[PDB]
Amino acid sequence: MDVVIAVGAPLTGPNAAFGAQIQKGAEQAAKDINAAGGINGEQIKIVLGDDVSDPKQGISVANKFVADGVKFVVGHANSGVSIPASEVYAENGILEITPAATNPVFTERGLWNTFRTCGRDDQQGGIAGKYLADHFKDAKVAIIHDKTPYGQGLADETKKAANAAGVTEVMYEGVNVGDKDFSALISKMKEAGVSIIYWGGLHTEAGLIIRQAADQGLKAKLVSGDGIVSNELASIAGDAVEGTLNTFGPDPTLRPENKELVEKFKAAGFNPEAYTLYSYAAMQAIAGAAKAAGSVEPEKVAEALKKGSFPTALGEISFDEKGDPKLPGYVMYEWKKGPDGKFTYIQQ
């Protein structure tokens, strides 16, 4: 009987681009695995659930998945969605592997079922905070976050690391997801002589801040994290995006092993940037662990994930006892025009 694997992701709403990364990556992996014989001889059946980046809607999705006999979830994207959804899954026999949720809490609750293919924000903030001190030691820095545990969590980790390395921010402020007029905040930053804005949050608000700062005459460079790795950042911000910095893990589209896979996505009309191959890899981890376990039972797959190593589009993957992957860490990217003439994130 088919192995039912769900993709839980923000298929609509502000983060739809990240939903597409996750959906397209998981769907292609399932197709490729199926063409190779499935998982232990059984075909994968994909079901989709749209969380709209809204924890309440994510919980409805999680319930739908339980009802539909889902055994594994690739998702969700947002930490505030994934953390509550994971409890529903943990209590109903479902293994959850997130390609993109980075808040430490996700794997720090002693749940049997939680895994990631991405890093976590104590790692990410350590890299970011050190970078601020190394390159902007004397700058006046504003730390701004989106009042979510992802965004504020990342901002707080970065703050801790920056402070320890000798950078004391001149502002620390929260804004609400969905708010779009940043004029007052931008004016406050300009008054304070801010030249670096560290942003703990997602691409929509980041793009709005970048665009508005340029228009309002605030000369400041925005530095953020994994939340801004989408072409849509450039679409909102316009050319003012140039020079923006952000942390992200390795860019898997640049791995030589993935050359043909990336070409295939493009032949299907999709640019498989950012988390696309992290989602592809999450599917591959499930398949590899089931093969090692001799079982598709989620609890047995979880045990196998914590024991072995498995081939993936991110490279060979293995997991610690909490479900975090043992993979390369965060690096700093800068936004510049790529070979195709579009602004994108390029490793420094």
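Just count from 1 along the sequence shown to find any residue number.
Relative to its counterpart among 35-43 and 300-308, 35-43 has the higher mean temperature factor, C-alpha atoms as listed in the PDB entry. The mean C-alpha temperature factor is higher for 164-172 when 140-148 and 164-172 are set side by side. Taking only the listed residues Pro325, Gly338, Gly25, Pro10, the entry reports the highest CA temperature factor at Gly338. Per the deposited coordinates, the residue with the largest Cα temperature factor out of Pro272, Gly126, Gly207, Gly225 is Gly126.
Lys188 sits in the highest third of its chain by CA B factor, as recorded in the PDB entry. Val3: CA B factor lies in the middle third for its chain, per the PDB record. Compared with the other modelled residues of the chain, the Cα B-factor recorded for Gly200 ranks in the middle third. In this PDB entry, the Cα temperature factor of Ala267 sits in the middle third of its chain's modelled residues. Residue-level temperature factors show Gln216 in the highest third of its chain, judged at the C-alpha atom.
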